[PDB]
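Consider the single chain below, provided in structure tokens and representing the form deposited in one PDB entry.
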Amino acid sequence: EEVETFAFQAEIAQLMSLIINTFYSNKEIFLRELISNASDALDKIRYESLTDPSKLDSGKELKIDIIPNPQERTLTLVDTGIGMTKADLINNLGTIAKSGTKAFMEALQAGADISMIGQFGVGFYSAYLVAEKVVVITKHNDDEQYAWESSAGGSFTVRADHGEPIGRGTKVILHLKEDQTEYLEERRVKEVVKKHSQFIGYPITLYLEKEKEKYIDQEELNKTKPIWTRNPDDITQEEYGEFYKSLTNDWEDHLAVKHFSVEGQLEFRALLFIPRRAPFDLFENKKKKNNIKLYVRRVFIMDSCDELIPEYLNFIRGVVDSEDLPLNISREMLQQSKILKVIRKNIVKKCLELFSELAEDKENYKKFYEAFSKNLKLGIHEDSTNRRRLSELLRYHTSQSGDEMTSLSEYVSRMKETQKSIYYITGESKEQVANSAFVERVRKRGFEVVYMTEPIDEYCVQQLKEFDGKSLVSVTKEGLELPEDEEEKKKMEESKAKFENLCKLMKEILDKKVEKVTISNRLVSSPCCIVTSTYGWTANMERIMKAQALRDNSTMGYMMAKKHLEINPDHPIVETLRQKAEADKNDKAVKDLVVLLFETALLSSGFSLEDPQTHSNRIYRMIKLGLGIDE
């Protein structure tokens, strides 16, 4: 019956220590914070000018300087902004979690051409990460010049001074520490400024001392203006290329460019790119990927391409500038990581549209395809959402087009009336597969076969199983059937009974090895060949799998497929073999001939022999017999 209210308090010393020793990770962002504050002040004075020009009679230009001094340990950062008055100096620079930018934005009309950085409040106390005593000198239009001095303890002193006049800006003098005296070295300052704040709209300059000992004025800290902000109808080709050269350190130019922008609640503006030739360490990974950055009001937030674009589109460079997002207390990470996955969808969609548009003229597509073709087949393997739009940018060599690649949809046009399914073959070279045993029959009836001669082609063709309602059938798998005449079927049925005896005898001599021996219709001018079964690896896949460095072996026996043998019932050699087998049940010559035939069939059908010395000895004996030497 004695409820009594109170008010929330705050403890100051622990608060300051916690801020400046806990909030941030690195010790190099104080320069970013100071540059952001200077940019805001300049923005304020610029906006205030364009109603009465009586506010620019003391200093007409807007600039930013950096002056190191390694004799006194100072890092002065002069600018020419709006300045601060005494009351405002006490009330914003000495009160944690209160910002003077928000008040200026709120009192300002309703809608203006202004966009400033900073709404939290704890940003200037980050100078004490590397500092021992900070001094601020300031002057406004309607006050005098004041000096502010503190040491991150519990008090600050504010006094009027006489000294060197400034026009209307602010000086920030930083007395550096003893073990942090490596920020007066210029390579370090240049690296920090270029990585963090390089798209600021104002001219940062340095004040080095090189060689009388002169006074150098290197302005080159930023001299590449952002180009995605302006209208897309005023940029003329070449202007893009320069921005590409000065973004990633190249000696050449691009090959395509996209400049889209979405609106609504989540809005951004992107400037994707495509390079000319593939970098030679593209799949070396290891190093953190920095091909797509992410900016908020032209200040770096974080870089990544493991969650902004997929892993098979790592060759694309660009910029993803946005306007407002849920940032962290250190503006280095994003709460609600789902926003990134929302961005990724739009980026992928626009990239695919760009590829489709570029594939129109058939003169620049070859340059893009001969250097970026592995990534498309990598994408087909793991992308279920868009595998139909990525299966139309595939070009293949074919045996009705000499030395020009054809497209898959173009294939389906020039088919025959009764043809079903697409035929393909996978090998190791373009001439090893052109003249093989399997092809020599379907290529005599006017049909078509495509040539998939590469290692990743198997990974692709294992996943893509049908195209436009047509099935991809191989020429080397246990009994392909092709449209044919009835009379041929009757003749083949008769021949099957004709050769029904030697077929079993070969199965007798050849033990566990082959699994079933049969007559085939895929050969016209070769004695015999080897085919595999439906559910299991093919020869090429087995060859690739046996050559992987980091992979296990206890599962090899489960996946390999058996092999059948095909006896072609027209070659004279088989005809005489039947003659021999008909009279004699078992002779040494028949055994030797059968073994040698199987062995050459294994050698010509892609398989690797398990003991070459026996085959070599068998060849040497025959060489010796036919040219003399007795033994």
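Rigid core (definition): largest C-alpha set, two forms, superposition within 1.5 Å. In case it trips you up, residue 1 is the first one in the sequence shown, and so on.
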Missing residues of the deposited chain between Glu211 and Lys212 number 10 or more
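Keep in mind that the form deposited in another entry is missing from the display, and what follows is about it.
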Superposing on the rigid core between the shown form and the other one, the only one of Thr80, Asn521, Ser197, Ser322 with a Cα displacement of 2 Å or more is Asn521
Using the core for the fit, does the CA position of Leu602 change by 2 Å or more between the shown form and the other one? yes
Superpose the two forms on their rigid core, then report whether the C-alpha of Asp40 is displaced by 2 angstroms or more between the shown form and the other one. no
Displaced residue check between the shown form and the other one: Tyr183, CA, 2 Å or over, core reference: no
